[PDB]
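Just below is one structure, and these are the notes that go with it.
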Amino acid sequence: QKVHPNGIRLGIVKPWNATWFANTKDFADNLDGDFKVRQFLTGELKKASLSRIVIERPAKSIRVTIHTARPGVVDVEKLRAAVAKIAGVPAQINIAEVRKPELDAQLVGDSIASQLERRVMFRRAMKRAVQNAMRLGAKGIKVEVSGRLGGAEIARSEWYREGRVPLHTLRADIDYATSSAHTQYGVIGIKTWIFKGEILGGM
Amino acid sequence: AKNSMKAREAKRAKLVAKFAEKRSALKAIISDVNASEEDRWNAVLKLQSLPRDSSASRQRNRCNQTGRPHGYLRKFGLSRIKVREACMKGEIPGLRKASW
Amino acid sequence: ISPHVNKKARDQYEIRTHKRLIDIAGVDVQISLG
RNA sequence: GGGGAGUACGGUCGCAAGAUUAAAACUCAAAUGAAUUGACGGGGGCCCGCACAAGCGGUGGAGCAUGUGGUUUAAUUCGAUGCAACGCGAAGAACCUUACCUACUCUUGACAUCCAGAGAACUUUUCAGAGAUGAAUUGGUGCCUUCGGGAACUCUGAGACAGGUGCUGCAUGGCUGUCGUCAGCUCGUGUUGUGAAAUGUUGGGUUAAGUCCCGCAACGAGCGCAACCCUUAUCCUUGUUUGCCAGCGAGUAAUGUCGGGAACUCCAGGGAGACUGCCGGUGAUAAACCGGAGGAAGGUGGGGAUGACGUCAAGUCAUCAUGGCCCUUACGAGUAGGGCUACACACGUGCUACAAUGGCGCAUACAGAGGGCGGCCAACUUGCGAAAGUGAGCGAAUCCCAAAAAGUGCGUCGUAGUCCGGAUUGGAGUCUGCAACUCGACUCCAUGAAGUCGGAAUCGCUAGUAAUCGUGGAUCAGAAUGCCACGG
C-alpha cells in the first residue's frame, strides 16, 4: 500500500547510503561489493548499536562509515582489513556517533526487536520507545509491531503513534526502519517511523 | 534459488573463463573463409568435446543477493525485487523513483 | 513491485547522470590533454 | 422462563362454527423489552466517477500470436482464478534456464563450517562413456618462514552436520492487489446518557476534497485532502562543446564544411511567473461563485509521483526470510535425452486483414526518445537477399545503431476474393549457438487458405485524449504481435 519513507525522500530531504559514480560494467560489481560489506559489518556489529553503513568509493578505494551508538565497542583495524579484503581495494573505515540513539528509527526497532526476542510485552517495548523519543524531542513517532504477538496463533498488527508523522509531506524529515524479531512463534516485524520536523529549503 | 542451482552457475562461470581462449579459437576456425574445410571439421570436433558448461550461452544471469533466475537487471546485477529493496534503502547510488 | 504477480503494479526509477565540460566520491573526473 | 399450549382431557355453553374453564409428559438455556453501533432495504433525500447518456474506435466473427482451461502425455513443472487469474510470476523454456520426465549416476554429499592427514594451485593429452565421472599423461610445484611453520587451493577420511523451488500464505515477516487518490478514519479534553454510546464529524452555504466559511456543548488535535517533489507550458540570468550558425569571410559535388560568432535553436545550473492577486457582478458584509483585464499560462494551468484507518484468514513459504512439519543412500546431489511448444476443443488478451480516406511502383519531406564494448558497427566489395567477407569510428550533444512512418508529388490497379489479404506448405539459404529434429529468428523462390467489416453481448476513451503512424528500450547468445517508453 505505502511507499517507503526513505525511498520517496531520496534527493528531497533524505541522503544516500552509497555515493559512487560507476559506469555500467563496474556498477553491478560495486553494488555486490557493498552488499557483502554491509552483510559483514552488520553481522559483526550486532552488539554495537549499528544504524546506517554509508559506503563511498573515493576513486579506487572504499570508505565506510559505521554510524553507531557505540563508537567504543567498534577492532577497527580488523574491520578496515576485512572490508579491504571483500572490496579488494584499500579500505578506510570512519565512525560516527549516533548522539541521541533513541531518536534513530533503526536502533529504536533493533531495541524493540531485542526486547521481543528476550520475551518482553510488545506493548511495553513499543510504548517505552514512543515515550523516550517524544521526550528527546521527536516531533512524532509511530511504531508498528506485526506478527504472532505474545505468540498468538493468529498474527495481528498493533501500532502506537504520538506526535505528527506526516508521511505524504515530502519535506518532512521522517526516519524509517524495519527490524525483525526472530522468535519461537516466527518472525515479528518492527516498522518504526520518526518525524524529526519538516526541512524547509530542500536537501 | 536452491543451493545447487546457485552452485551450477559458479561452476559455469569458472568453466567459461577457463576455456574462453580455446573455444573462441576453435570457433574462429569454424568460420575463417580462407581456412581448410578439413581443418574446419577438426575445429568443429574439438568444440563438441569441450565441457558444455564452458559455453557462455549456458549461463543464466542470476540475482547476486538471492539467486532469482528471472526478473534480472544487468545494470545492478539484482532481480527487480532486490533492485527495489536496495533503491528504497538508498543503497543504489543515483537511483530514485522517477516521474515525468 | 509485487513479489509475485500484479503486473500493472510497477515502480519506475531513474539514474540521471550529469556531465560538465571545463576546457582549461560520486564525481568521475576524466582529464583530456588533447 | 421459552416451546408444548390457550392445546389435550373433563365440565359448561352453542344448531353448528366454536367459545369458555384449563393441564401434563417432554423439551430448551434461553425466550423477551427498550435502546446503541454497524450492515442491509426492490425506503427517502442529496451528491460524485467515461457510471450512463452524447459520440468515436474496438472485442465478439477470420487467420495468426499469446495466456488459461480441458484433454492428451512418461513428463506436458509450480504458482496466479469474479471484479481485483487468464500477453499474469516469466524484463524473453532449443541446451542451459528447469523446479518436471525417462535413463544413467553419488551419498558428510553439488553447496557450508569444523577436524585430521595428504597433495601448491594448475597444466596439458589421452582412452572409455550419452555425459556425469573414472583410470592412465606431461609441464609446474611458487608463497611465507616460528622455518615439524604461515597461507591458500586441490583431494580423501571422520561424524557433528549439509541440502530440499518439499508442506503449511489458515502459524508468519517482508512485499503486493483491491475499494480508490474514494474523502474519509479517529483521538484527547469537556459535555450528555444508568449504559452500549453520543457529541466533536451534525446543521446553513461552499469545495475536487471532513475544502473553506457561518452557525453549534463542544474545544482542540492526529492520519488522510491540499501544499512541499519530478515533468511540461513562458521569461530572465550564468556558460558555450561533442550542440548552435544571425551577422561574418573562405570553401566543397554538397556540406557549419571551416575561420570566426555567442546572436539564435538548444543544453543545464540559478532565478521570475498564477495568488481568485486585480476589476465588475452575486452571496450572509462569509466561504465561495459567475464573468472580465493582464498574461506563455486562470482559478488544482497539463501530466506524474504521493494510496488514510481498514476490507477481502485477498496474493506470494517458488525472490527472499521464517515457526512448525516432513525428507535425509533421498522429497538431497551430478549428468544425458525428452518436456514445459502436446491438441477433439472452449475462453481471455493481442496482432493482421477484409481494401480506393486503399494497394502498388517511383519521386520527395518533417521527429522525439533511447541504447551501445565479448558492444553499436560507418565505408568498401561480394550476394536477388538474409548476410558475408572486410574495415573504420565510438564508452559517446562527437561515432554507431539510424531508415522515421503515416505525409506530399506523379503514375497504375478499377473496385474483386482483386496489383485486397496474408495463412499454409514445398524447396534453397543465412545467422546465433557445442547444438536450431522435437522446438529459433531471418532471407529468397514458389505456394496464395480464412477473411467481403462481424449475433446476442461487450470494452476503451472527454484533448494533444481517442484513432492512426512509425521509433527506441529492458530481458537477451538467438528469439517481442507482449511490456515499458518516444514522438508524427
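Quick note on labels: first sequence line is chain A, next is B, and so on, each numbered from 1.
- For D:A217, the torsion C1'-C2'-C3'-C4' is below zero, which places the sugar in the south, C2'-endo range.
- Distance noted for atom P between D:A268 and D:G294: 35 Å (whole Å).
- Within the structure, every side-chain polar atom (N or O) of A:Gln1 is placed at least 4.0 Å from both OP1 and OP2 of D:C175.
- Contact annotation for B:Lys27: backbone-only contact, meaning every heavy-atom pair under 4.0 Å involves sugar-phosphate atoms and none involves a base.
- Atom name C1', nucleotides D:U381 and D:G368: the rounded distance is 36 Å, in whole Å.
- Between A:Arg171 and D:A227 there is no side-chain N or O to OP1 or OP2 distance below 4.0 Å.
- Pairing check for D:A321 against D:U172: the two satisfy the Watson-Crick or G-U wobble geometry, each of the two atom distances being under 3.5 Å.
- A distance of about 7 Å separates the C1' atoms of D:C88 and D:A80, rounded to the whole Å.
- If you check distances only, the side chain of B:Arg52 does reach the base of D:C434 with a donor-acceptor pair under 3.5 Å.
- With both atom-pair distances required to fall under 3.5 Å, a Watson-Crick or G-U wobble pair links D:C484 to D:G472.
- Ion pair B:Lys82/B:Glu85 flagged as a salt bridge, since at least one NZ, NE, NH1 or NH2 atom sits closer than 4.0 Å to an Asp/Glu carboxylate oxygen.
- Remark: D:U133 pairs with D:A128, satisfying the Watson-Crick or G-U wobble criterion at under 3.5 Å for both atom pairs.
- A donor N or O paired with an acceptor N or O is not found under 3.5 Å between the base of D:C320 and the side-chain atoms of B:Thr66.
- For the criterion of Watson-Crick or G-U wobble pairing, both bonds shorter than 3.5 Å, the nucleotides D:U468 and D:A196 do not count as partners.
- Which of D:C309, D:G269, D:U97 sits closest to the side chain of A:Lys142 comes down to D:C309.
- A positive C1'-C2'-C3'-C4' angle places the sugar of D:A305 in the north (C3'-endo) family.
- Taking side-chain N and O atoms only, C:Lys7 has no distance below 4.0 Å to OP1 or OP2 of D:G87.
- Counting non-hydrogen atoms of neighbouring residues, nucleotides and ligands closer than 6.0 angstrom, the CZ atom of A:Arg38 exceeds 12 such neighbours.
- With salt bridges taken as basic N to acidic carboxylate O contacts below 4.0 Å, none links A:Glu144 and A:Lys191.
- With a 5.5 Å centre cut-off and a 30° plane cut-off, the bases of D:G148 and D:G149 come out unstacked.
- Here A:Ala172 lies out of heavy-atom contact (under 4.0 Å) with every strand.
- Taken together, D:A387 and D:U382 qualify as a Watson-Crick or G-U wobble pair under the 3.5 Å criterion applied to both distances.
- Pucker check on D:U465: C1'-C2'-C3'-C4' positive, sugar north.
- Remark: the separation of the P atoms in D:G224 and D:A198 is 24 Å, to the nearest Å.
- Backbone-only engagement by B:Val33 is indicated by non-hydrogen atom pairs under 4.0 Å involving sugar-phosphate atoms exclusively.
- Checked by distance alone, A:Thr169 brings a side-chain donor or acceptor within 3.5 Å of a matching partner on the base of D:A227.
- Using Watson-Crick or G-U wobble geometry with both donor-acceptor distances under 3.5 Å, D:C442 finds its partner in D:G429.
- No more than 12 heavy atoms of other residues, nucleotides or ligands shown are found within 6.0 angstrom of CZ on A:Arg99.
- Within the nucleic acid shown, A:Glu198 has no heavy atom closer than 4.0 Å to any nucleic acid atom.
- Residues A:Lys36 and A:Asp32 are paired through a salt bridge, judged by an N-O separation under 4.0 Å between the basic side chain and the carboxylate.
- Checking D:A272 for Watson-Crick or G-U wobble geometry (two distances, each under 3.5 Å) identifies D:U234 as its partner.
- D:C122 and D:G371: their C1' atoms are spaced 41 Å apart (whole Å).
- Nucleotide D:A162 forms no Watson-Crick or G-U wobble pair with any nucleotide shown, as no partner meets the under 3.5 Å limit on both distances.
- For the P atoms, the distance linking D:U123 with D:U133 amounts to 16 Å, nearest Å.
- On the P atoms, D:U390 is 14 Å away from D:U432, given to the nearest whole Å.
- The aromatic rings of A:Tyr176 and A:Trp193 are tilted relative to each other, their planes meeting at an angle between 30° and 60°.
- A salt bridge does not link A:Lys196 with A:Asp173: every distance from a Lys NZ or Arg NE/NH1/NH2 to an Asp or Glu carboxylate oxygen is 4.0 Å or more.
- The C1' atoms of D:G269 and D:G433 are separated by 50 Å, rounded to the nearest whole Å.
- In a base pair of the Watson-Crick type (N1 to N3 plus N6-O4 or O6-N4) or a G-U wobble (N1-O2 and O6-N3), with each distance short of 3.5 Å, D:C56 is matched with D:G460.
- Here D:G370 is not matched with D:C380 as a Watson-Crick or G-U wobble partner, both contacts being required under 3.5 Å.
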